[PDB]
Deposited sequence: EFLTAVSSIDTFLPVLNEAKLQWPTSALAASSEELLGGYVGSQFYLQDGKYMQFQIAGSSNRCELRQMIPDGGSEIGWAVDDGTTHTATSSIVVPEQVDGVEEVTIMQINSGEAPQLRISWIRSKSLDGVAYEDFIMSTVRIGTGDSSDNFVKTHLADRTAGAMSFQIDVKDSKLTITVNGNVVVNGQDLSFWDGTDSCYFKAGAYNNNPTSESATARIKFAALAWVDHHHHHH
(Lines of atoms letter the chains of each structure in order from A and count residues from 1; the text may use other names and numbers.)
(Lines give C-alpha, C1' and ligand atoms only; values in the text may rest on other atoms or scores of the structure.)
Protein backbone atom coordinates (compact mmCIF):
# COMPACT_ATOMS: atom_id res chain seq x y z
CA UNK A 1 0.00 0.00 0.00
CA UNK A 2 1.45 3.33 -1.15
CA UNK A 3 0.55 6.65 0.48
CA UNK A 4 -0.51 9.45 -1.86
CA UNK A 5 1.51 12.65 -2.02
CA UNK A 6 -1.72 14.66 -1.66
CA UNK A 7 -2.49 12.99 1.70
CA UNK A 8 -0.38 15.61 3.51
CA UNK A 9 -0.42 19.38 3.07
CA UNK A 10 3.22 19.97 2.12
CA UNK A 11 2.86 19.62 -1.65
CA UNK A 12 -0.72 20.77 -2.20
CA UNK A 13 0.22 24.28 -3.38
CA UNK A 14 2.44 22.96 -6.16
CA UNK A 15 0.09 20.10 -7.07
CA UNK A 16 -2.59 22.79 -7.57
CA UNK A 17 -0.25 24.28 -10.22
CA UNK A 18 1.03 21.17 -11.99
CA UNK A 19 0.12 18.19 -14.11
CA UNK A 20 2.14 14.97 -14.00
CA UNK A 21 3.71 13.39 -17.06
CA UNK A 22 4.42 9.68 -16.73
CA UNK A 23 6.06 7.67 -18.25
CA UNK A 24 6.42 10.09 -21.20
CA UNK A 25 5.56 13.69 -21.97
CA UNK A 26 2.37 12.79 -23.84
CA UNK A 27 0.80 10.69 -21.03
CA UNK A 28 -0.40 12.99 -18.26
CA UNK A 29 -2.55 13.22 -15.14
CA UNK A 30 -4.19 16.56 -14.38
CA UNK A 31 -3.76 18.78 -11.36
CA UNK A 32 -7.26 17.75 -10.29
CA UNK A 33 -6.22 14.09 -10.40
CA UNK A 34 -3.06 14.83 -8.39
CA UNK A 35 -5.04 16.69 -5.72
CA UNK A 36 -7.55 13.83 -5.77
CA UNK A 37 -5.07 11.24 -4.54
CA UNK A 38 -3.14 10.08 -7.60
CA UNK A 39 -0.59 7.51 -6.44
CA UNK A 40 1.57 4.74 -7.85
CA UNK A 41 5.08 3.34 -7.59
CA UNK A 42 6.17 6.16 -9.91
CA UNK A 43 4.88 8.92 -7.59
CA UNK A 44 4.16 8.36 -3.89
CA UNK A 45 4.86 9.76 -0.43
CA UNK A 46 7.99 8.12 0.96
CA UNK A 47 8.71 7.97 4.71
CA UNK A 48 5.80 10.28 5.41
CA UNK A 49 7.44 13.33 3.87
CA UNK A 50 9.02 12.88 0.42
CA UNK A 51 7.29 13.33 -2.90
CA UNK A 52 9.26 10.53 -4.60
CA UNK A 53 9.54 10.10 -8.36
CA UNK A 54 10.73 6.85 -9.99
CA UNK A 55 11.26 6.09 -13.68
CA UNK A 56 13.22 3.68 -15.88
CA UNK A 57 13.99 3.82 -19.59
CA UNK A 58 15.79 6.13 -21.99
CA UNK A 59 14.25 9.61 -21.98
CA UNK A 60 11.28 8.48 -19.93
CA UNK A 61 10.05 10.69 -17.11
CA UNK A 62 7.89 11.07 -14.06
CA UNK A 63 7.75 14.84 -13.94
CA UNK A 64 5.53 17.72 -12.87
CA UNK A 65 4.78 20.38 -15.51
CA UNK A 66 3.80 23.87 -14.38
CA UNK A 67 0.15 24.83 -14.90
CA UNK A 68 -1.89 27.94 -14.25
CA UNK A 69 -3.16 27.49 -10.67
CA UNK A 70 -6.64 26.41 -9.64
CA UNK A 71 -7.56 24.16 -12.55
CA UNK A 72 -5.97 26.35 -15.20
CA UNK A 73 -4.40 25.37 -18.48
CA UNK A 74 -0.74 25.08 -19.45
CA UNK A 75 1.32 28.08 -18.43
CA UNK A 76 3.67 29.88 -20.76
CA UNK A 77 5.82 32.76 -19.56
CA UNK A 78 8.81 34.67 -20.89
CA UNK A 79 12.25 35.39 -19.48
CA UNK A 80 11.73 39.05 -20.40
CA UNK A 81 8.09 39.52 -19.38
CA UNK A 82 9.20 41.61 -16.38
CA UNK A 83 7.90 39.12 -13.80
CA UNK A 84 10.26 37.22 -11.52
CA UNK A 85 9.72 33.50 -12.02
CA UNK A 86 10.99 31.48 -9.08
CA UNK A 87 11.14 27.75 -8.39
CA UNK A 88 12.29 26.43 -5.03
CA UNK A 89 12.86 22.88 -3.86
CA UNK A 90 14.50 20.69 -1.27
CA UNK A 91 15.70 17.41 -2.79
CA UNK A 92 17.25 14.23 -1.46
CA UNK A 93 19.06 12.49 -4.31
CA UNK A 94 19.69 8.91 -3.09
CA UNK A 95 22.40 6.73 -4.60
CA UNK A 96 21.46 6.02 -8.21
CA UNK A 97 21.59 2.40 -9.33
CA UNK A 98 23.95 1.13 -12.01
CA UNK A 99 22.80 2.10 -15.46
CA UNK A 100 21.41 5.49 -14.41
CA UNK A 101 23.77 8.16 -15.76
CA UNK A 102 21.92 11.50 -15.70
CA UNK A 103 18.63 12.49 -14.09
CA UNK A 104 17.10 15.89 -14.71
CA UNK A 105 15.37 17.03 -11.53
CA UNK A 106 14.32 20.63 -12.32
CA UNK A 107 13.86 22.46 -15.61
CA UNK A 108 12.83 25.57 -17.39
CA UNK A 109 11.42 24.17 -20.62
CA UNK A 110 9.50 25.78 -23.47
CA UNK A 111 7.98 25.19 -26.87
CA UNK A 112 11.44 25.55 -28.43
CA UNK A 113 14.12 23.89 -26.31
CA UNK A 114 15.04 23.57 -22.61
CA UNK A 115 16.39 26.86 -21.34
CA UNK A 116 17.67 25.16 -18.18
CA UNK A 117 18.10 21.66 -16.80
CA UNK A 118 19.39 20.93 -13.31
CA UNK A 119 20.51 17.31 -13.30
CA UNK A 120 22.32 14.72 -11.28
CA UNK A 121 25.28 13.40 -13.30
CA UNK A 122 27.37 10.30 -12.62
CA UNK A 123 30.62 11.50 -14.22
CA UNK A 124 31.65 14.44 -16.41
CA UNK A 125 34.61 16.68 -17.17
CA UNK A 126 33.77 20.40 -17.27
CA UNK A 127 36.33 22.95 -18.48
CA UNK A 128 39.22 20.60 -17.76
CA UNK A 129 38.03 19.39 -14.32
CA UNK A 130 36.55 15.96 -13.66
CA UNK A 131 33.50 15.77 -11.40
CA UNK A 132 31.60 12.74 -10.11
CA UNK A 133 28.20 12.10 -8.53
CA UNK A 134 27.21 15.74 -8.72
CA UNK A 135 24.51 18.27 -9.57
CA UNK A 136 24.95 20.28 -12.77
CA UNK A 137 23.18 23.09 -14.57
CA UNK A 138 22.85 23.10 -18.36
CA UNK A 139 21.71 26.40 -19.87
CA UNK A 140 20.98 26.79 -23.57
CA UNK A 141 22.33 29.89 -25.30
CA UNK A 142 21.30 28.75 -28.80
CA UNK A 143 19.30 26.10 -30.64
CA UNK A 144 22.15 24.03 -32.10
CA UNK A 145 23.50 20.71 -30.89
CA UNK A 146 27.22 21.41 -30.42
CA UNK A 147 28.70 22.27 -27.05
CA UNK A 148 28.88 25.99 -27.86
CA UNK A 149 25.07 26.09 -27.53
CA UNK A 150 25.25 25.29 -23.80
CA UNK A 151 26.76 26.58 -20.58
CA UNK A 152 27.30 23.75 -18.10
CA UNK A 153 28.23 24.39 -14.47
CA UNK A 154 29.12 22.18 -11.52
CA UNK A 155 26.69 23.29 -8.81
CA UNK A 156 27.49 20.92 -5.93
CA UNK A 157 28.49 17.35 -5.27
CA UNK A 158 25.55 15.15 -4.30
CA UNK A 159 24.97 15.24 -0.55
CA UNK A 160 23.62 12.67 1.87
CA UNK A 161 21.04 15.13 3.19
CA UNK A 162 18.45 17.31 1.55
CA UNK A 163 19.79 19.96 -0.81
CA UNK A 164 17.88 23.18 -1.38
CA UNK A 165 17.55 24.86 -4.76
CA UNK A 166 16.25 28.21 -5.91
CA UNK A 167 15.94 29.18 -9.57
CA UNK A 168 15.18 32.87 -10.24
CA UNK A 169 14.50 34.32 -13.68
CA UNK A 170 14.07 38.07 -14.04
CA UNK A 171 14.78 40.48 -16.88
CA UNK A 172 16.43 37.85 -19.08
CA UNK A 173 18.86 36.76 -16.35
CA UNK A 174 19.14 33.54 -14.35
CA UNK A 175 20.38 33.01 -10.80
CA UNK A 176 20.72 29.59 -9.18
CA UNK A 177 21.22 29.14 -5.43
CA UNK A 178 22.05 25.75 -3.87
CA UNK A 179 21.93 25.25 -0.08
CA UNK A 180 21.68 29.01 0.24
CA UNK A 181 24.86 29.67 -1.77
CA UNK A 182 24.78 31.37 -5.14
CA UNK A 183 26.31 29.09 -7.77
CA UNK A 184 25.17 30.98 -10.92
CA UNK A 185 23.21 36.80 -13.88
CA UNK A 186 23.47 34.12 -16.56
CA UNK A 187 22.10 35.59 -19.75
CA UNK A 188 18.84 34.23 -21.17
CA UNK A 189 18.32 36.97 -23.77
CA UNK A 190 18.49 34.50 -26.68
CA UNK A 191 15.05 33.49 -25.41
CA UNK A 192 13.61 37.02 -25.33
CA UNK A 193 10.11 36.85 -26.73
CA UNK A 194 9.74 33.09 -26.20
CA UNK A 195 6.37 33.14 -24.41
CA UNK A 196 6.07 29.38 -23.81
CA UNK A 197 8.47 28.82 -20.89
CA UNK A 198 7.44 26.82 -17.84
CA UNK A 199 8.98 25.06 -14.87
CA UNK A 200 9.25 21.29 -14.42
CA UNK A 201 10.51 19.09 -11.61
CA UNK A 202 10.74 15.39 -10.85
CA UNK A 203 12.81 12.75 -12.65
CA UNK A 204 13.68 12.71 -16.34
CA UNK A 205 16.08 9.87 -17.15
CA UNK A 206 18.72 10.85 -19.71
CA UNK A 207 21.09 8.50 -21.57
CA UNK A 208 20.89 5.47 -19.24
CA UNK A 209 23.06 2.48 -20.09
CA UNK A 210 20.32 0.06 -18.97
CA UNK A 211 16.68 0.37 -19.96
CA UNK A 212 15.51 -1.30 -16.74
CA UNK A 213 17.50 0.78 -14.25
CA UNK A 214 15.13 2.96 -12.22
CA UNK A 215 16.05 6.57 -11.42
CA UNK A 216 14.70 7.73 -8.04
CA UNK A 217 14.49 11.29 -6.69
CA UNK A 218 12.91 12.49 -3.41
CA UNK A 219 11.46 16.00 -2.93
CA UNK A 220 10.98 17.34 0.58
CA UNK A 221 9.62 20.62 -0.82
CA UNK A 222 8.71 22.13 -4.17
CA UNK A 223 7.11 25.44 -5.08
CA UNK A 224 6.78 27.70 -8.07
CA UNK A 225 5.82 31.33 -7.65
CA UNK A 226 5.44 34.38 -9.88
CA UNK A 227 6.25 37.86 -8.54
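If you line the structure up with the deposited chain, the stretches without a C-alpha atom are 1, 186, 230-234.
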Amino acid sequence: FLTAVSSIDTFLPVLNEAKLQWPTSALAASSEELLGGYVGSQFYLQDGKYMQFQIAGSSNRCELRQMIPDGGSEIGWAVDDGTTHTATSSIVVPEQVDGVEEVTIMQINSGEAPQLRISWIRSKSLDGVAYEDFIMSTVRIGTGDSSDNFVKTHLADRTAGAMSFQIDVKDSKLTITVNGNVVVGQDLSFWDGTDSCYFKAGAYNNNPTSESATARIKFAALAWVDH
From here on, numbers count along this sequence of modelled residues.
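With 110-118 and 80-88 compared on mean CA B-factor from the PDB entry, the stretch scoring higher is 80-88. A summary of the deposited B-factors shows that, of 134-142 and 121-129, the stretch with the larger mean C-alpha value is 121-129. Across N205, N16, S210, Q21, the greatest Cα temperature factor reported in the deposited entry is at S210. Ranked within its chain, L174 lands in the lowest third, by CA B factor from the PDB record. Among the modelled residues of its chain, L2 has a C-alpha B-factor that falls in the highest third according to the deposited record. The entry lists a Cα temperature factor for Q96 that places it in the middle third of the chain's modelled residues. Sort the chain's modelled residues by C-alpha temperature factor and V183 lands in the lowest third, per the entry.
Among all modelled residues in this chain, the alpha-carbon of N149 has a temperature factor (C-alpha) in the middle third.
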